[PDB]
Every structure is written in structure tokens, then in C-alpha cells.
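Accompanying notes for the structure given below.
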Amino acid sequence: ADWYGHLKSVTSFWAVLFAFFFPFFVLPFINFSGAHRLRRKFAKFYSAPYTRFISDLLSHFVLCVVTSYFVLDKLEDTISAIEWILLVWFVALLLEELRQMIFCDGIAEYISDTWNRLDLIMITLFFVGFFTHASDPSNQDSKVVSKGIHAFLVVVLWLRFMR
Amino acid sequence: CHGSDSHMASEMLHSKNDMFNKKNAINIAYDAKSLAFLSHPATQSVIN
Amino acid sequence: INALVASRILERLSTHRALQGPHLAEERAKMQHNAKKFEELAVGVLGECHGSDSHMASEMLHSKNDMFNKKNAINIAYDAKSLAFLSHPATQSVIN
Amino acid sequence: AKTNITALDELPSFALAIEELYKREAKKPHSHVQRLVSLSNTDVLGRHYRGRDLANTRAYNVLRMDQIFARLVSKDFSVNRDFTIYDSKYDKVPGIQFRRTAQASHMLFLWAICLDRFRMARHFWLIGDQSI
Amino acid sequence: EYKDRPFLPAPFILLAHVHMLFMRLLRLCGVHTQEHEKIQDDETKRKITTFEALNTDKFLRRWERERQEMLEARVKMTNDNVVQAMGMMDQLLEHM
Amino acid sequence: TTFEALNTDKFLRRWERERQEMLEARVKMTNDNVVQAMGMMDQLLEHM
Amino acid sequence: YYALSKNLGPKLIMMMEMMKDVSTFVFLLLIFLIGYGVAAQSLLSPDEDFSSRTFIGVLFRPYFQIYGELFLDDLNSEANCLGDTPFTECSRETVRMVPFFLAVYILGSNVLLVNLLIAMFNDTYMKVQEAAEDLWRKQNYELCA
Amino acid sequence: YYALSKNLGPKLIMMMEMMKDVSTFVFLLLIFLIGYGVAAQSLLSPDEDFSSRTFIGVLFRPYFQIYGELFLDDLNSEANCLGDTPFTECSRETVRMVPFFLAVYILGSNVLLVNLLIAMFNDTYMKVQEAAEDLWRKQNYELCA
Ligand SMILES: CC(C)CCC[C@@H](C)[C@H]1CC[C@H]2[C@@H]3CC=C4C[C@@H](O)CC[C@]4(C)[C@H]3CC[C@]12C
Ligand SMILES: CC(C)CCC[C@@H](C)[C@H]1CC[C@H]2[C@@H]3CC=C4C[C@@H](O)CC[C@]4(C)[C@H]3CC[C@]12C
Ligand SMILES: CC(C)CCC[C@@H](C)[C@H]1CC[C@H]2[C@@H]3CC=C4C[C@@H](O)CC[C@]4(C)[C@H]3CC[C@]12C
Ligand SMILES: CC(C)CCC[C@@H](C)[C@H]1CC[C@H]2[C@@H]3CC=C4C[C@@H](O)CC[C@]4(C)[C@H]3CC[C@]12C
Ligand SMILES: CC(C)CCC[C@@H](C)[C@H]1CC[C@H]2[C@@H]3CC=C4C[C@@H](O)CC[C@]4(C)[C@H]3CC[C@]12C
Ligand SMILES: CC(C)CCC[C@@H](C)[C@H]1CC[C@H]2[C@@H]3CC=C4C[C@@H](O)CC[C@]4(C)[C@H]3CC[C@]12C
Ligand SMILES: [Mg+2]
């Protein structure tokens with residue numbers, strides 16, 4: 001009941017995912033729970049833990065596919081646009097990890113979970129590889145060492161996707 | 001029924017009842033998704 | 001010997017042509033059941049014999065009976081397809 | 001009270017008593033019987049057509065319940081009822097008391113299935129026929 | 001884990017982070033807010049307390065009844081009753 | 001109909017007999033009999 | 001037409017029940033296959049533009065290596081290592097990690113996941129054998145009808 | 001002469017009991033083997049007259065691929081694909097589906113049927129172990145006689 005929030009328990013994975021992808025076309029024709037009507041329905045559907053959980057999955061799945069594409073495609077002689085997007089994405093992930101560190105029940109409770117440890121390995125591997133590439137962007141050897149480190153990252157992010 | 005007279009039990013299972021538009025008890029049992037009734041030796045004997 | 005003969009006759013009757021039929025199923029089952037029970041009895045009596053005097057029990061198992069053209073009880077038990085009698089320690093001891 | 005419908009007016013006293021039993025069971029708070037009847041979307045005779053006073057004072061009659069149970073079971077349930085045998089002119093018939101019993105038990109049996117009272121259901125199942 | 005986490009996904013969670021940081025800055029430095037706080041009345045609290053103590057008593061009665069319906073307990077209770085029955089017969093024989 | 005109702009009655013009698021031959025039911029019935037036996041002894045002691 | 005037989009029919013019903021466990025195994029196996037394939041494909045042939053051949057290289061070797069057919073001679077040829085010992089004296093030092101990743105991967109797939117699938121099959125078999133017999137007797141009626 | 005021994009004899013009786021399960025496995029395996037073999041043989045070498053070699057090609061590779069020996073190098077050679085990546089840059093685009101069919105097939109045979117056979121063996125073993133000991137004591141008498 002806490003998971004589904006103000007939503008009926010008969011809702012499936014595909015229905016909530018479709019409503020997430022098509023907000024203005026699936027939400028008025030569904031049953032659950034003007035500015036204070038449309039806003040109330042949006043605040044009730046999107047305040048539920050299940051919709052944000054589904055959004056985080058889909059987001060991490062895109063992260064895995066886009067980062068996998070980035071590692072497979074050739075590195076350029078300067079820092080590419082996809083590298084900047086992934087840099088912004090992992091800072092955002094790092095800030096989320098810091099937020100998790102500050103608001104939990106101690107450093108021990110946070111570090112007890114194996115997935116938090118996996119998150120730290122993700123951030124650490126990406127920044128080592130990125131600074132290794134960014135130290136000398138025209139150097140072929142730096143790209144080769146960076147892709148070698150980024151092979152390990154793709155392995156951890158697909159492992160982290162099992163959460 | 002199968003213990004007392006198997007042939008008479010077979011006649012009972014083959015009998016058409018008016019309450020389900022004139023068809024027998026095994027069709028009713030299948031429509032009711034009664035796995036236990038269908039797995040019984042008497043019902044299986046009638047089907048064989 | 002009577003228990004083995006009873007078990008064999010009920011077992012053969014249960015698969016006989018005169019007992020096949022839709023109404024005879026329970027009867028067949030009963031025959032098989034009774035056969036098994038008689039087999040158990042044959043084991044039990046045999047066990048008692050082996051408990052009292054094993055050598056005398058061996059002499060009993062080696063004794064030729066006129067009713068099956070002068071050969072012993074283990075041949076009768078094999079002919080009656082009595083798995084329980086053959087698996088008993090006394091019978092196995094005589095065979096060893 | 002007297003009703004303009006001839007089908008409702010031919011019905012005997014014990015059918016109205018079963019309707020009273022349904023009403024009494026329905027009047028309890030958060031009862032699933034009332035929710036089932038409201039969700040069913042049928043008229044007074046149970047036909048799937050979706051005045052108001054007749055539809056509310058006699059909302060729990062046995063024919064409508066027969067239609068709801070009929071729709072739950074399969075696509076071809078149609079119980080043939082004969083309430084003419086409860087008249088005094090059929091008393092000379094030998095076996096009528098068994099049929100009369102069986103029919104009555106059947107209706108009460110269905111009511112006991114609706115309220116999920118297994119023990120009464122089993123008892124009404126015992127008195128009547130067509131057990132299986 | 002997902003109750004306290006912001007709704008917005010990972011590329012766009014920076015907006016959520018700066019929004020929470022903006023609220024934190026407005027509360028710590030600006031002091032222009034006071035959040036939201038909801039309480040519960042004493043009546044519903046005593047209703048929960050009364051309900052919980054009634055269900056506690058109900059569970060203890062059901063548990064006691066279930067332990068008295070076990071086979072071991074019934075045999076023990078039956079045994080003690082038969083012992084007291086022998087005592088009453090001794091008293092009866094004394095009267096005789 | 002007659003065959004089915006007779007076999008229904010036969011099954012209920014057999015089912016009732018089987019439920020009375022269970023160990024739990026026999027212990028419970030034996031227990032109630034012993035309780036009534038104590039009651040009759042109380043009556044006997046009153047007469048003494 | 002195998003359903004008439006008392007041996008082949010219930011086993012077919014049990015096989016259709018296992019299909020969910022097979023799908024579960026595929027979902028667990030997909031993580032290692034895609035992860036190891038993207039990582040391994042990048043390590044073997046770096047500084048190459050993305051194409052359809054890159055995707056085929058990601059999917060082809062990892063899936064068929066869990067059935068025991070190893071492409072180590074083929075991977076050795078693609079790595080451009082000229083030494084008598086296979087993953088030594090290579091142009092790039094990073095490609096020597098290719099057998100190590102694989103070493104983790106087949107440990108994940110054959111040692112761990114396949115034996116887990118065997119355990120799920122034994123448990124699933126014991127759970128639904130009687131139900132398969134009952135369902136077979138219902139499908140016997142279905143054939144008759 | 002293994003039947004005298006208390007270890008080898010009952011295991012031989014259990015093996016003769018399994019033979020029915022082995023035959024059951026063969027009947028289930030025959031569907032995939034004949035279907036995949038006719039389909040795969042047609043995809044690899046089209047526009048060819050039927051002969052005995054076509055039948056041998058249908059039977060040979062599918063049966064031996066379920067034991068882990070894959071003929072992917074041999075299939076790659078027969079497909080006339082000249083690319084560095086194996087099932088790319090072929091004369092006909094249909095022959096690139098040859099590894100995909102195989103991908104379904106060994107999933108059907110190794111992942112699904114072999115593990116099911118393991119489950120049948122464990123269940124069958126637990127069912128007939130005591131009967132095998134009793135039957136061994138009867139065969140002990142048979143040897144003695
Ligand atoms: C916790 C786990 C996942 C992290 C493992 C550490 C990885 C990312 C590090 C540790 C040691 C590193 C290697 C050390 C030395 C060399 C030789 C150099 O010429 C190419 C890169 C290469 C081959 C490095 C690649 C990245 C490497 C393998
Ligand atoms: C990641 C966890 C499981 C264990 C970490 C072990 C990793 C980091 C180790 C184990 C084997 C190592 C490799 C073994 C040999 C060589 C050749 C050398 O000339 C450069 C480094 C290189 C290529 C190593 C890189 C790091 C390596 C991959
Ligand atoms: C009991 C089992 C798990 C033992 C573990 C085996 C490990 C330690 C062995 C098995 C195969 C080995 C690899 C085989 C080949 C190479 C290439 C070489 O250029 C660097 C080391 C490297 C990458 C080895 C690293 C260690 C390795 C992964
Ligand atoms: C439900 C399942 C069994 C049906 C699958 C659809 C099959 C029959 C269809 C779907 C897509 C089709 C392919 C689409 C494109 C090409 C390329 C062409 O140059 C040769 C035929 C080929 C390779 C087709 C073969 C048949 C094909 C694989
Ligand atoms: C049948 C069910 C299980 C799934 C359907 C997937 C089938 C239809 C798909 C999956 C892989 C596909 C093939 C993948 C690649 C190519 C190469 C392309 O140049 C022509 C089509 C062709 C040859 C595809 C044909 C259709 C194909 C076989
Ligand atoms: C977890 C498991 C089941 C993952 C599934 C693996 C599937 C998606 C992979 C494994 C091997 C792959 C095939 C390998 C090679 C080729 C030849 C190429 O020219 C077209 C695609 C095709 C035909 C691939 C289709 C997809 C494929 C069948
Ligand atoms: Mg975290």
C-alpha cells in the first residue's frame with residue numbers, strides 16, 4: 001500500500017511505464033485515488049514510490065546502453081559530447097550518493113549494503129578512466145588505457161543493474 | 001457411485017441434464033475447472 | 001507354501017481374462033492387496049523360523065515338497081514372483 | 001405490497017422470505033453481496049439491460065440472483081422454475097413433495113453459497129438431489 | 001530507500017539536487033519556511049490502544065483454546081481426570 | 001436420481017463413520033465421556 | 001500427439017512449466033553476456049567506429065562460450081599476439097586481460113548459473129509432477145472432446 | 001558378472017530402468033534434431049538436388065552439437081562468408097540466420113532437455129533404489145540357479 005501510494009493495487013508494470021512515457025494520454029483514462037484536479041492527479045501518481053523506482057530503472061538501463069555505446073565507439077581527439085553528458089550524469093550520481101551518505105542512519109549502515117559499494121566502484125572507475133583520457137586527449141595510448149578501465153566499468157554497471 | 005456399480009455410474013456420468021443446455025456432467029466439471037473430478041478413475045474410465 | 005500358492009493364484013487371477021472389465025477394477029485391486037498380505041504372512045512365518053533356529057529354518061527351506069514335483073520352497077517362491085520372500089535375510093543366507 | 005409485474009406476483013411466500021434474508025444480509029456494513037448486486041448492472045428480472053422505486057424496494061429478489069449466479073457459472077445456465085406446483089390443486093400427486101423439497105432446498109442452497117456459510121450449504125445440499 | 005529519494009531520474013536529478021539545496025539555503029540562511037507537520041488526536045490513539053489490547057486478549061484466548069485442543073494435552077488432562085476418578089472410587093469403597 | 005441419492009447417503013454414512021474412527025475424535029469423545037463419568041461420580045458421592 | 005502416451009505427455013507439461021525457469025536463467029545470463037561482450041569487444045579491437053559488426057561481435061562469442069566451445073584460438077588471432085605462449089608479446093598490454101574477464105564470465109555462467117538451473121529444475125519437478133499428471137488427464141479429456 | 005558385486009549390480013538394474021527415460025529424452029530430442037537439421041541444411045546450401053549427402057548433412061551436425069562440440073568454423077566455411085567477423089559479408093543474406101536457429105536449438109537441447117533428464121534421473125533413482133536391491137537379490141538367486 002505504501003509502494004503503490006494513492007493508486008489501485010491492480011496496476012501492472014507496463015501500464016505505469018506507458019503512463020510515464022505518455023503522461024497526457026494515459027493518466028486521465030485510468031483509475032487511482034482544472035489546476036487543482038490535473039495537478040492533484042499528477043501529484044498523486046508521481047508521488048508514488050513505484051513510479052520513481054520504474055523511472056530509476058529505465059534511467060539506469062539507458063545509462064548502461066549509452067555508456068556501452070560510448071565504450072564501443074571510437075574516442076575522438078578532444079572530449080566528445082557523449083563524454084560530457086556521461087560526466088554530468090555521474091556527477092549527478094555522485095551527488096545522489098553524498099545525499100544518501102548524509103541522510104542515512106550512519107556511515108556503517110550505508111556501507112553495509114553491497115550495492116552502495118558497487119556505486120562507489122562505478123564512480124571511482126569512471127573518474128579514473130575519464131581523467132586518464134582527459135590528461136592527454138590526442139594520445140592514442142591514453143585512449144587505450146582509458147578503454148581498458150572503462151571495460152571494468154561496463155561490467156560493474158551491468159552488475160549494478162541486477163538491483 | 002463407482003464403488004457400488006461402475007456401469008450405472010457411467011450411465012449417470014453420460015446422462016444429459018437440462019440445467020446446462022442438455023449436456024453431461026464431465027462438460028460441467030471441465031467448465032468448473034475441477035481438476036480433482038477429472039483425475040478420478042471413474043471419470044477417466046468413461047473418457048477411455 | 002500355502003501363502004505362496006495363495007499369492008500366486010490371486011496375482012494371476014488379477015491379470016486373468018475372466019477379471020477384465022469396467023466393473024471388476026476394485027475386485028482386481030482387492031485380489032492384488034490380499035496377495036501382498038499373504039506374501040507378508042509368508043515372510044513373517046519365515047522370519048519367526050529364522051528367529052528360533054536358523055539351521056532348522058535352513059533345513060525347512062531345503063526340504064523338498066511333493067506338491068511341486070519334488071523341489072524346495074525357494075523355487076516355489078521364485079515361480080510365484082514373491083520379491084519380499086527372496087529379499088528376506090534367511091532366504092539370502094540359504095542362497096549364500 | 002402488491003406489484004404490477006405478473007412474474008413477481010406469481011412468486012410464493014418462501015421466495016419473498018429468501019429475498020428478506022438477502023435484504024437482512026445486505027444491510028450489514030461493507031457486505032460484498034450489495035457490491036456484487038450493484039456491480040452486476042441488471043434490472044429487476046436480472047436481464048442485462050441496466051421504475052426506480054420497484055428497482056429499489058425489491059432489489060434482492062431470487063430471479064436476479066439466479067441471473068447473477070448464472071453469469072458467474074458458464075454461458076448456458078438457465079434454471080427452469082415451476083412455482084405452480086406449490087398450489088393446493090397439485091396435492092394429490094405422489095412424488096411432488098420430493099420435487100417441492102428439492103427446488104426449495106436448491107434456492108436456499110444458492111443463498112447459503114452467496115453468504116459463504118459452508119455448513120448450511122452442505123445441509124441444503126444433503127436434503128435435495130443432484131448432489132454432484 | 002525509494003520513499004526519501006527524489007522522483008526525478010539520473011540525468012535530470014541535478015535539478016532536484018539544486019532544488020533541495022535551494023530549500024536548504026532558504027531555511028538555514030533565509031529562514032522563510034516552516035515545512036509541514038501533522039499530528040494525531042488522542043481519541044484515535046486510545047482507539048488503537050483499545051483495539052490492540054482487545055486483539056491481544058482475543059489471541060491469548062484463541063492460543064489457550066488451541067493448546068487445549070492438542071492431542072498430548074488432551075491425553076494428559078484425560079489421565080489426571082482418570083487419576084482423580086480412582087481417588088473418588090477409593091472414597092466410594094470407603095463408604096461401602 | 002434414486003441411485004445417486006442412495007450413493008450420496010452411503011458416502012455421508014461412510015464419511016461420518018471414518019471421521020468417528022480418527023484418533024483425535026476418539027480422544028475428544030473419550031475425554032467428554034470421562035468428564036460425564038466424573039459428574040456421575042459426584043452424583044454417587046451425594047447419594048453416599 | 002505425444003499427449004496420448006503416458007510417458008511423453010506429462011513430461012511435455014513439465015517442460016512447459018520449466019520454460020519460466022529457462023526464461024529466468026536467460027534474464028540472469030543476459031547481464032553477464034551483454035556486459036562481458038561489450039567490455040571484451042572493446043578490449044579486443046579498440047579505436048574502431050561503431051557498426052553492425054560491433055553488435056554482432058558483442059552477441060556472437062559470449063553466448064556460444066557458455067556451452068564449452070571456447071574461441072580462444074580465434075581470440076588469440078584477433079588480439080595480434082605473436083608469442084608461442086598465446087596471450088603474451090602483444091602490441092597493446094590491455095588485450096592480455098581478455099582471458100581473465102572470460103575467467104570470471106564462464107565462472108559466472110557454467111559454474112554458478114547452470115548448476116543453479118539444475119537445482120531449480122529438481123525442485124520445480126518435485127513440486128509440479130502430480131499437477132502435471134492431473135493436467136494430463138484434463139488434456140486427455142481435451143483430446144477426446 | 002558385475003551382478004555378484006554389491007555395488008555394480010543394483011546400479012546396472014537402475015541403468016536398465018533409466019533406459020526408458022533415455023528413450024523418452026531421445027523422442028523429445030528427435031523433434032528439434034530433425035526440424036533444425038532440415039531447416040539449417042536448407043539454409044546453408046540452397047538450390048541443390050536431393051541426395052543421400054543431404055540426409056547425412058541433416059543428421060550429422062545437429063546431433064553432435066548438443067555435446068558442446070560446435071561446428072561453427074565448419075558452418076562458417078560452408079556459408080561462403082569472407083568477412084573477419086564470421087556470419088557477415090555473405091553472398092546470401094538468409095544464411096546469416098544459421099547461428100540464430102542454432103541459438104534456439106542448443107537452448108532447447110542443453111539448457112532445457114539435459115537438465116530435465118537430470119531431474120528425471122534423480123526422481124527415478126529415489127523411486128526404484130529399494131526395488132533394484134530386491135531385484136538384485138532375486139538375480140542373485142538366478143545366478144545361483
Ligand atoms: C575493483 C575492480 C573492478 C577494479 C580493477 C582495477 C582496474 C580498473 C585496473 C587495476 C590495474 C590496471 C592495469 C594496470 C596496468 C596496465 C598496463 C597498461 O599498459 C595498460 C593498462 C593496464 C592493463 C591497467 C588497466 C586497468 C587496471 C586493470
Ligand atoms: C577485479 C578483481 C576481481 C581482481 C582484480 C585483478 C585484476 C585487476 C588483475 C588480475 C590480472 C591482471 C593482469 C595480468 C597481467 C597483465 C600484464 C601486464 O604486463 C600488464 C597488466 C596486466 C594486463 C594485468 C592487469 C590487471 C589484472 C587484470
Ligand atoms: C580455482 C580457479 C578459479 C583458479 C583461478 C584462475 C586464475 C587465477 C587464472 C586462470 C587463467 C589466468 C589468465 C590466463 C592468461 C593470462 C594472460 C597473461 O598475459 C596475463 C595473465 C592472464 C590474464 C591470466 C590471469 C590469471 C588467470 C585468470
Ligand atoms: C513467428 C516466427 C516463426 C516468424 C518469423 C518471421 C520470419 C519468417 C521472417 C521475419 C523477417 C524475415 C527476413 C527479413 C529480411 C530478409 C532479408 C532478405 O534478403 C532475405 C530474407 C530475410 C532474411 C527474411 C527471411 C524471413 C524472416 C526471418
Ligand atoms: C522467431 C522468434 C523466436 C524471434 C524472431 C526473430 C527473427 C525473425 C530475427 C532475429 C535475428 C534476425 C536476423 C538478424 C540479421 C539479419 C541480417 C540482415 O541483413 C537481414 C535480416 C537478418 C538475416 C535477420 C532476419 C530475422 C531474424 C532471424
Ligand atoms: C541470454 C541469451 C539467451 C541471449 C540471447 C542471445 C541472442 C540474442 C544472440 C546470440 C547469438 C546471436 C547471433 C550471432 C550471429 C548472428 C549473425 C549476424 O549476421 C546476424 C545476427 C546473428 C544471427 C545473431 C542474432 C542474435 C543472437 C542469436
Ligand atoms: Mg545508492
Side-chain angles (χ1 to χ4, degrees), chain A residues 5 20 42-43 46-71 79-103 106-108 110-135 137 146 149-163, chain E residues 1-24 26-27 30, chain G residues 35:
Chain A
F20 183 87
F42 285 168
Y46 295 125
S47 45
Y50 190 50
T51 309
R52 39 171 72 177
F53 173 85
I54 281 175
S55 85
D56 195 35
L57 182 142
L58 292 172
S59 179
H60 189 82
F61 179 76
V62 167
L63 178 66
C64 286
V65 169
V66 166
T67 306
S68 300
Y69 178 86
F70 168 69
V71 174
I79 306 188
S80 55
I82 182 174
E83 208 160 352
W84 286 120
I85 290 164
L86 288 177
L87 176 73
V88 170
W89 204 319
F90 276 98
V91 157
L93 286 182
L94 174 61
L95 290 196
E96 173 60 26
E97 287 314 291
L98 294 182
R99 180 203 71 93
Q100 283 167 21
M101 261 183 183
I102 65 173
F103 291 117
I107 301 293
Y110 169 80
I111 211 67
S112 65
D113 194 21
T114 183
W115 307 114
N116 290 334
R117 303 162 147 196
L118 282 180
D119 276 323
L120 292 182
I121 292 156
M122 288 178 71
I123 288 148
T124 304
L125 283 174
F126 172 79
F127 279 124
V128 161
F130 174 85
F131 286 139
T132 304
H133 181 225
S135 287
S146 160
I149 295 154
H150 283 163
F152 291 87
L153 162 75
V154 153
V155 171
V156 178
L157 41 91
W158 285 106
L159 286 178
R160 175 60 169 71
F161 190 66
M162 293 183 164
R163 158 88 182 99
Chain E
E1 169 176 16
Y2 282 88
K3 275 187 278 190
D4 66 334
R5 172 180 195 95
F7 157 70
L8 282 185
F12 307 104
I13 201 167
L14 274 180
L15 301 181
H17 286 142
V18 301
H19 166 71
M20 293 182 62
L21 194 65
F22 191 48
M23 293 298 168
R24 193 66 178 88
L26 286 153
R27 283 182 185 163

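Chain letters run A, B, ... following the sequence lines, proteins first, then strands; residues in each count from 1. Side-chain atoms are counted along with the backbone in the values below, which use heavy atoms only and exclude waters and symmetry mates.
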Looking at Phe12(E), I'd like to know if its CZ atom is crowded, meaning that more than 12 non-hydrogen atoms belonging to other residues, nucleotides or ligands lie closer than 6.0 Å.
no

Could you state the interatomic distance from CG (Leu93(A)) to CG (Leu98(A)), rounded to the nearest 0.5 Å?
11.5 Å

Heavy atoms, side chains only, cut-off 4.5 Å: are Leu120(A) and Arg117(A) in contact?
no

For the side chain of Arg52(A) and the backbone of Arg5(E), is there at least one donor-acceptor N/O pair under 3.5 Å apart?
yes

Looking only at non-hydrogen atoms, find the nearest pair between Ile123(A) and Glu97(A) and report the distance.
CD1-CG, 3.8 Å

Side chain to side chain contact (heavy atoms under 4.5 Å, CB included), that's the test. Do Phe127(A) and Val91(A) meet it? Break it down for me.
CA-CA 10 Å; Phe127(A) 279 124; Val91(A) 157; 4.1 Å; yes

Using a 4.5 Å cut-off on heavy atoms from C-beta on, say whether the side chain of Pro6(E) contacts that of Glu96(A).
yes

Using the side chain to side chain contact (heavy atoms under 4.5 Å, CB included) rule, take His133(A) and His150(A) through it: C-alpha gap first, then chi angles, then the decisive distance, then the call.
CA-CA 10 Å; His133(A) 181 225; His150(A) 283 163; 5.7 Å; no

Measure across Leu159(A) and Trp115(A) and return the closest heavy-atom pair with its distance rounded to 0.1 Å.
O-CZ3, 3.6 Å

Specify whether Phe90(A) and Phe126(A) have parallel, tilted or perpendicular ring planes, treating 30° as the upper limit for parallel and 60° as the lower limit for perpendicular.
parallel

Rounded to the nearest 0.5 Å, what separation is found between the NE2 atom of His17(E) and the CZ atom of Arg24(E)?
15.0 Å

Could you go through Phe20(A) and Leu58(A), starting from their C-alpha distance and side-chain angles, then the distance that decides it, and tell me whether this counts as side chain to side chain contact (heavy atoms under 4.5 Å, CB included)?
CA-CA 10 Å; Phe20(A) 183 87; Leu58(A) 292 172; 4.2 Å; yes

If you define the side chain from C-beta out and look only at heavy atoms, does anything of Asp119(A) sit under 4.5 Å from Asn116(A)?
yes

Distance check, rounded to the nearest 0.5 Å: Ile13(E) atom CD1 versus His19(E) atom NE2?
12.5 Å

Among all residues two or more places apart in sequence or in another chain, which pass the side chain to side chain contact (heavy atoms under 4.5 Å, CB included) test with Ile121(A)?
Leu118(A), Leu125(A), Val156(A)

Should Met122(A) and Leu63(A) count as side-chain neighbours, where that means a heavy-atom distance under 4.5 Å?
yes

Measure the OG-CZ distance between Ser47(A) and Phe42(A) for me, rounded to the nearest 0.5 Å.
12.5 Å

Which heavy atom of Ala92(A) sits nearest to which heavy atom of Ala10(E), and what is that distance?
CB-O, 3.4 Å

Under 4.5 Å between any side-chain heavy atoms of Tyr69(A) and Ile82(A), yes or no?
yes

Smallest separation among heavy atoms of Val155(A) and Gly35(G), with atom names
CG2-O, 4.1 Å

Locate the shortest heavy-atom distance separating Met101(A) from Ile107(A); write the atom from each residue and the value.
O-CD1, 4.4 Å

Does the side chain of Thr67(A) come within less than 4.5 Å of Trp89(A)'s, by heavy atoms?
no

For the residue pair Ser146(A) and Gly129(A), what are the closest heavy atoms and their distance?
OG-O, 3.2 Å

How about OH on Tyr2(E), more than 12 heavy atoms from neighbouring residues, nucleotides or ligands closer than 6.0 Å, or not?
yes

Could you tell me how the ring of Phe161(A) sits relative to the ring of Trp158(A): parallel (under 30°), tilted (30 to 60°) or perpendicular (over 60°)?
perpendicular

Can you find a heavy atom in the side chain of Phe70(A) that is under 4.5 Å from one in the side chain of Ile85(A)?
no

So how far is it from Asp113(A) CG to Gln100(A) CD, rounded to the nearest 0.5 Å?
9.0 Å

